[PDB]
Amino acid sequence: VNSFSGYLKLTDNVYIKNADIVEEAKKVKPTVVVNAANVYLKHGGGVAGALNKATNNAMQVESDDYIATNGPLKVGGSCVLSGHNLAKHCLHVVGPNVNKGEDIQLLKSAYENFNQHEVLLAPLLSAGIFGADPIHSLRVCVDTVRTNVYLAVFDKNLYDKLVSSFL
Ligand SMILES: Cn1ccc2c(N)ncnc21
């Protein structure tokens, strides 16, 4: 049993809810919240800007030290950092950004990072300002992630479309 509430069940391991990932993290304090990161961990907008704002910029300070030591992530890659006031850990995952021309085939590689964690609160990747089709992102999620994932969809309109169209 876990603390996640109000999720509609899609598969054995994937759950979905119309939710503000920030508000959900604050309420649940999950072991892992996933950030929709870029390779520079520059948390300016979207899931990353909202998560970072909720940490009072501590996520950005920690991320800048990580990049100064390690250099940029790979598209499709991830790193584990603090969850600050939102979660135990934040898994920063880089999905391909269509609005920068990245290979959408890298979306499956991105979601494979989730399999290193038994339970996660996560947004869809490559959705929103990363420019991918969220219906596609949900299909790749279901077909890739084997661990238990709780998806927070920000848009009510999009949430209803993802559920209604789910195969
Ligand atoms: C996709 N996207 C963008 C903002 C956002 C949020 N606050 N929660 C979940 N997903 C989100």
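Positions are given from 1 along the sequence.
- Put simply, the side chain of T144 never gets that close to the backbone of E112: no donor and acceptor are under 3.5 Å apart.
- In this structure, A48 and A36 approach most closely via the heavy-atom pair CB-O, 3.6 Å.
- Annotation: ring pair (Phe, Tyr, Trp, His ring centres under 6.0 Å) contacts involving residues 35-80, sequence neighbours excluded, comprise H43-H92.
- Here CG of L124 is found 10.0 Å from CG of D133. Values are rounded to the nearest 0.5 Å.
- Note that NE2 of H136 and CG of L107 are 5.0 Å apart. Values are rounded to the nearest 0.5 Å.
- The line from CD of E24 to OG of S5 is 8.0 Å long, rounded to the nearest 0.5 Å.
- Within the 3.5 Å criterion, the main-chain N or O of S82 finds a donor-acceptor partner in the side chain of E62.
- Within the structure, the side-chain hydrogen bond (donor to acceptor under 3.5 Å, both in side chains) test picks out the following pairs touching residues 146-155 (sequence neighbours left out): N2-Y150.
- For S63 against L81, the heavy-atom pair with the smallest separation is OG-CD1, 4.1 Å.
- Here the closest heavy-atom approach between residue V33 and residue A25 is recorded as CG2-CB, 4.4 Å.
- Between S78 and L73 there is no side-chain heavy-atom pair separated by less than 4.5 Å.
- With a 4.5 Å cut-off on side-chain heavy atoms, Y15 and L151 do not count as touching.
- For residues 95-105, there are no side-chain hydrogen bond (donor to acceptor under 3.5 Å, both in side chains) pairs, not counting sequence neighbours.
- Residues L158 and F130 fall into different hydrophobic clusters, defined by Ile, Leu, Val, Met, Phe, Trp and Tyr side chains chained together at heavy-atom separations under 4.5 Å.
- Using a 4.5 Å cut-off on side-chain heavy atoms (C-beta onward), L86 and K26 make contact.
- For the pair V119 and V32, the minimum side-chain heavy-atom distance is 4.5 Å or more.
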Could you go through the side chain to side chain contact (heavy atoms under 4.5 Å, CB included) check for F166 and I16 one step at a time? CA-CA 11 Å; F166 183 69; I16 194 163; over 6 Å; no

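- Remark: side-chain polar atoms of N85 are paired, donor with acceptor, to backbone N or O of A54 under 3.5 angstrom.
- Side-chain contact between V28 and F4 is present, with heavy atoms from C-beta onward closer than 4.5 Å.
- Using a 4.5 Å heavy-atom cutoff, the side chains of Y111 and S137 are in contact.
- Side-chain contact check for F114 versus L125: some heavy-atom pair is nearer than 4.5 Å.
- Judged purely by atom type and a 3.5 angstrom limit, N52 has no side-chain atom pairing as donor or acceptor with the backbone of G49.
- Cluster annotation: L120 is connected to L10 through the hydrophobic network of ILVMFWY side chains, with a link wherever side-chain heavy atoms come within less than 4.5 Å.
- Taking both residues in full, the closest heavy atoms of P134 and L162 are given as O-CD2, 3.6 Å, listed atom of the first, atom of the second, then distance.
- Here the side chain of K9 pairs a donor or acceptor atom with the backbone of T11 at under 3.5 angstrom.
- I104 and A132 make their closest contact through CD1-CB, 3.9 Å (heavy atoms, listed as atom of the first residue, atom of the second, distance).
- Between the CD1 atom of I21 and the CZ atom of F154 there is a distance of 11.0 Å, given to the nearest 0.5 Å.
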Could you check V93 against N35 for side chain to side chain contact (heavy atoms under 4.5 Å, CB included), going step by step and ending with a plain yes or no? CA-CA 6 Å; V93 180; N35 182 32; over 6 Å; no

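- A distance-only check finds a donor-acceptor pair linking the side chain of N13 to the backbone of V145 [under 3.5 Å].
- The distance from the NZ atom of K53 to the CE atom of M59 is 14.0 Å, given to the nearest 0.5 Å.
- Within the 3.5 Å criterion, the main-chain N or O of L41 finds a donor-acceptor partner in the side chain of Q60.
- Annotation for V47 and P123: closest pair CG2-CB, 3.8 Å, computed over non-hydrogen atoms.
- Heavy-atom neighbours of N70 CG from other residues, nucleotides or ligands within 6.0 Å: above the threshold of 12.
- Contact annotation: the side chain of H117 approaches that of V80 to within less than 4.5 Å [non-hydrogen atoms, C-beta and beyond].
- Under the 4.5 Å side-chain contact rule for hydrophobic residues, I67 and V39 share a cluster.
- Under the 4.5 Å side-chain heavy-atom criterion for grouping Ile, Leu, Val, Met, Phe, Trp and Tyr, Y7 is connected to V22 within one hydrophobic cluster.
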Starting from the C-alpha separation in whole Å, work towards a yes-or-no answer on side chain to side chain contact (heavy atoms under 4.5 Å, CB included) for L138 and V153. CA-CA 10 Å; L138 180 54; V153 175; over 6 Å; no

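- Clustering ILVMFWY residues whenever any of their side-chain heavy atoms sit less than 4.5 angstrom apart, transitively, puts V142 in a cluster other than the one holding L106.
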